[PDB]
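Residue numbers (the working numbering): 101 to 190.
Written out below as structure tokens is the structure these notes cover.
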Amino acid sequence: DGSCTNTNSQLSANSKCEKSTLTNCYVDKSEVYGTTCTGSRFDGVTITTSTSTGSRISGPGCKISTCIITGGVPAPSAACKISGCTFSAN
């Protein structure tokens, strides 16, 4: 992909970025698309337009689509999926 720069851009190496709005992130083995990273990282996830405040989305296939998470915790949003993923406040 290329481009993208969460306040500096530190995509591990196999991450993905097209048009999201991260900030002070790094991401690792993930995709993301419209997430609003606020200073966290990933490690094997596939989130998209979702808000998360400091949350380790690590996971062997972590999926996320529209989730207002805050501190490694998902919010009561009927748009999020909460299925094979999890956060631990990275």
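Here a beta-carbon is modelled for each residue, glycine too, at the ideal position from N, C-alpha and C.
Assignment of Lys116 by DSSP, reduced to helix, strand and coil, places it in the coil class.
Taking the C-beta atoms as reference points, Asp128 is found no nearer than 7 Å to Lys116.
Taken atom to atom, the span from the alpha-carbon of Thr153 to that of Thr138 is near 6 Å. The three-state reading of DSSP puts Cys137 in coil, since its state is none of H, G, I, E or B. Under the criterion of beta carbons closer than 8 Å, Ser155 and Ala178 do not qualify as touching, at roughly 19 Å.
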